[PDB]
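Colleague: Can you read through this structure? Questions will come right after.
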Amino acid sequence: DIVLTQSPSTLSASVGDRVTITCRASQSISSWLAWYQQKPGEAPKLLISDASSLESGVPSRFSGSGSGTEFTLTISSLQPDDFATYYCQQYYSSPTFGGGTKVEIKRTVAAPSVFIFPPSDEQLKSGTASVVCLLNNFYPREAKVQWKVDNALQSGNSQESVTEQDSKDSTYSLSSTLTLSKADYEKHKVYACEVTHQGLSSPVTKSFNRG
Amino acid sequence: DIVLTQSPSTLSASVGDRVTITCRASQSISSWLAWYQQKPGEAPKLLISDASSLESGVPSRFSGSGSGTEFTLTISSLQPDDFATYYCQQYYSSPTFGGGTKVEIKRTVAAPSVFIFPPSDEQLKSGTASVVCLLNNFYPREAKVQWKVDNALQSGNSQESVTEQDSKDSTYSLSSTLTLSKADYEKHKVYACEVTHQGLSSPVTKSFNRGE
Amino acid sequence: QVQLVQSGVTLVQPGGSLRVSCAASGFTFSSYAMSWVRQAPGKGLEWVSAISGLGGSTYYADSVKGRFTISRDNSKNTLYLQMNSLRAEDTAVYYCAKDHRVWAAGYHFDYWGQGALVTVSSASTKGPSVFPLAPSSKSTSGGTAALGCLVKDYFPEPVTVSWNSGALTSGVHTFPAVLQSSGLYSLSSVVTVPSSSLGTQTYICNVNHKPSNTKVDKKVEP
Amino acid sequence: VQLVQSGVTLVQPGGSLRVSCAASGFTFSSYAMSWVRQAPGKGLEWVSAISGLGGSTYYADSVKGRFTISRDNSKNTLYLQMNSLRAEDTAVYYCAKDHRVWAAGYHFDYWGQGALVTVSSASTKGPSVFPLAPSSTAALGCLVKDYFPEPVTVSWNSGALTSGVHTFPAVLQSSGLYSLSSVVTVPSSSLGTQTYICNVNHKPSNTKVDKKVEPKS
């Protein structure tokens, strides 16, 4: 069937910036295509139809063009209401939605605050151990964090979650949870969390000793 | 037993910059500690002993300090010969080496060149398919590359490699290889490679259609 | 005037049967052609099935074709999606929509329903375990000491967490829940406050879990 | 005051191999020697130690079972007899001498160049050369697949194109078969008028194949 692809997954931008997204598909769907807008937790809203005709009630700043395989959505002036995840739908052969293009606000570059927290004592009684690494107040959202236990990399046992930008600081915050059995924990004495981000030239590591 | 840890694994620095690496042991090993130097493909070289006494034939700029649990290696001025991997060793217990701190000169930001190649036909004749995604001429060194097949992430089937910094341009190069069976390749039509790097404001993706 | 009112909330078991009711009002029903679209959590939208202005021709996706059924009533102005033999892959937010321009001719969609969540986890609902995050150093090496609260082994979503009965609104970060191998959700919430304030103030997080009806407050101490 | 390890060595699983570290230019028996191994892309690891006199031998927990260290002060030579080899034991082995302490401690100032030991146990086979065609400045390449063992030397037009050339490090596959990739970047116009041929020289397999690169549709 037909599956489209989008070049920017997360596109950093600011207010009043000219923004262009490319939604190029595999096959030729001709002039029949549509672009949508989905805010988080909100139902998707139709942005544009046939890639040429604008749906009514949509602000005039939005425009779209391209023919055949190549398509481009262009905004001359960016606005606060215009920030949402963006998908493009083709109905020509098989209908499907892309990965989506989320747009954000990158105004400065900041260094992540790093805090490492040991497993609590009440949890130790359960037989399950969780170590928590906190990164606070850092944009851009992109970052890379590695887990090192007694100088050993751990893959597959780490889980991560990201909050949305707080409107106040416009900074993302990330949490990493490492879950392992109690025994594996008492065998290893030293636990370390490594943080690699744009704000810091040198990747900063926060570690602790057992007990 | 006892294992020590290093704070900077990769430290971005420049010539003549004051550099400090911090190595803290789990237990208190007092004053018995050593620091080493290893250049690529070269044998490990002794930097400092007992954390206070310097070896003969060694440049005077390097110094070390700290007692008990805490230790610090400080270089007042960095030199072209200082870009190599550095480890810390404690003789109190089990001979043990740190993760190491690699020194690099990628002060400059470069945009990665992205080129995506489909598997060759002879390889298809072999019954094995390999798609190659190329990142060229980029520092800083940090990067993240994800494989997307028909808007679907692929994990575990990717292998990656990074070249060393070139002396002339000071740029690192990275390659990612996705290997799949003939059937698994032919079932899925579109193959895409997503590149995430600092140089680019928007993470750039290059893709191709099978048999195109 | 077009309004679509979806089913509020739903939960199922493995291979279970469930009906989704999507009410439509404020506009001609039989006139347009309707369709359902599901969004898996943290995933792009996925087209499921569609039904015609008469209801004579139905269309389904390859993955959903076996055990799913879409249907419509021109009289009660109601769209029903009957789903049988459910699996975890089908766990998603479902939306029923209407055609944008074409009159039962094309697959454009202008108005979507608020959405109905369907979860096929089939795990017993149990109270969350609350584990405090001890402050790291008493010394303010970061300008602000950080402390937190960890919720583990709770099911199902959601869980709401407010500090000091809402007294601490600022500098609070509530991270999204994560799926574990055990299939039981876990969430983490943190706060950063000045170190001097550590001795004089007490920080308690109020964990509210509706299904197991478990509400426990846990103070953070080193 | 120089040490000389074994040049090159190759083995099989559970196999036996001797690494000989020659010592010269300074007094031997006076000091205590030790072995230290370095796995590719990994930190150093302490293997075995022997007292300067030779009365006391010391081994690591992982290696104590299957390794044996021995010395002759007369020949000024250190032998590491390695038995029951495993894939984890594949490494470059260095033999060192003491920095300050005299047969009392395990400091190291002067290191040997290293002796390569490989326990991969794969049949030596010729590399498969697969060309990578240009799109549409443009990039083109060559892929070496399922080759064993190291090394593989890569040259363009028998080395005519030295500039703008990148040879990536070898990678281990699950099959235990190495694979390597080499690329070059040249202007878009020069691609048609010039022919680019990659030379892969593999000595153990005696495989020398030259593969031309063409962008065809």
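Colleague: Using amide H atoms built in the peptide plane, which far-off residues or other-chain residues are under 5 Å from A:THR96 H to H?
Modeller: Sorted by chain and number, the residues that satisfy this are A:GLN90.
Colleague: Next question, about the same structure. Specify the residue with the greatest mean-square fluctuation among C:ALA92, C:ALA146, C:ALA167, computed from a Gaussian network of chain C linking alpha-carbon atoms under 10 Å apart.
Modeller: Judging by the Gaussian network model, the answer is C:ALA167.
Colleague: Now for a separate question. Ignore the peptide's own chain and count Cβ atoms of other chains within 10 Å of each Cβ in A:31-42; give me the average, rounded.
Modeller: 2
Colleague: Once you have a ≥ b ≥ c as the square roots of the Cα gyration tensor eigenvalues for the stretch B:113-179, tell me rounded if a/c is under 1.5, and otherwise prolate or oblate according to whether a/b is larger than b/c.
Modeller: Prolate, since a/c reaches 1.5 and a/b exceeds b/c.
Colleague: Charges only on Cβ, +1 for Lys and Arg, -1 for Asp and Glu: so what's the dipole of chain A about the Cα centre, in debye to the nearest 20?
Modeller: In debye, rounded to 20, chain A gives about 480.
Colleague: Out of the trypsin sites (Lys or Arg not before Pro) in the stretch C:1-77, which ones are loop residues according to DSSP with at most 15 other C-beta atoms within 10 Å?
Modeller: Here the sparse-neighbourhood loop sites are C:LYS43, C:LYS65, C:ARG67, C:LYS76.
Colleague: While we're looking at this one, here's another question. I need the calculated FRET efficiency for the pair C:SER57 and D:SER136, taking r as the beta carbon distance and R₀ as 45 Å, to the nearest 0.05.
Modeller: 0.50
Colleague: Same structure, new question: Rounded to the nearest Å, what's the spacing between the alpha carbon centres of the stretch A:85-147 and the stretch B:34-100? Just the number, please.
Modeller: Cα centroid to Cα centroid, the span is 37 Å.
Colleague: Still on this structure, I have one more. Extending each Cα 7 Å along its Cβ direction at B:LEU153 and D:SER24, get the distance between those two points in nm, one decimal.
Modeller: Result for the modelled spin labels: 5.8 nm.
Colleague: Now for a separate question. Hey, for a label at B:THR20 modelled as a point 7 Å past Cα toward Cβ, could you say which residues of the stretch B:77-98 have their backbone N under 15 Å away?
Modeller: Output list for this probe position: B:77.
Colleague: Given 5 Å bins starting at zero, what is the percent of C-alpha pairs of the stretch A:46-92 in each, up to the one with the largest pair distance?
Modeller: 5, 17, 33, 27, 12, 4, 1
Colleague: Further, regarding this structure: Hey, if you put +1 on the Cβ of every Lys and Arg and -1 on every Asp and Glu Cβ in the protein assembly as shown, which of A:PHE117, C:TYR94, A:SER130 ends up farthest toward the positive end of that dipole?
Modeller: A:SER130
Colleague: Also, quick follow-up: Using the basic label-point model (7 angstrom from Cα toward the beta carbon), what is the D:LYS42 to B:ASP184 distance in nanometres?
Modeller: 2.6 nm
Colleague: Next question. Can you say what percent of the DSSP beta bridges in the protein assembly as shown, counting only those with both residues inside, are antiparallel? Round to 5.
Modeller: Close to 95 percent.
Colleague: Ok, one more. Taking the Cα centre of the protein assembly as shown as origin, sum charge times position over the Cβ atoms of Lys and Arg (+1) and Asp and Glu (-1), and report the length of that vector in debye to the nearest 20.
Modeller: Dipole of the protein assembly as shown, to the nearest 20 debye: 620 debye.
Colleague: What does the charge dipole of the stretch A:155-211 about its Cα centre add up to, to the nearest 20 debye, if the Cβ of each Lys and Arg holds +1 and the Cβ of each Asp and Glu holds -1?
Modeller: My answer is approximately 360 debye.
Colleague: When the Cα centres of the stretch C:170-222 and the stretch D:198-216 are compared, how far apart do they sit, in Å?
Modeller: 61 Å
Colleague: Same structure again: Roughly how many nanometres apart are two label points built 7 Å out from the Cα toward the Cβ at C:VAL102 and B:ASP166?
Modeller: Using points 7 Å along Cα→Cβ, the separation is 5.2 nm.
Colleague: Neighbour counts of other C-beta atoms within 10 Å: give me C:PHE27, B:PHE117, C:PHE68 arranged from fewest to most.
Modeller: Final ranking by Cβ density, sparse to dense: C:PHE27, C:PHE68, B:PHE117.
Reconstructed Cβ throughout: ideal geometry from the backbone, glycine too, with neighbour counts over all protein chains shown. Read-outs throughout are calculated quantities, based only on the coordinates presented, and are distinct from any laboratory measurement.
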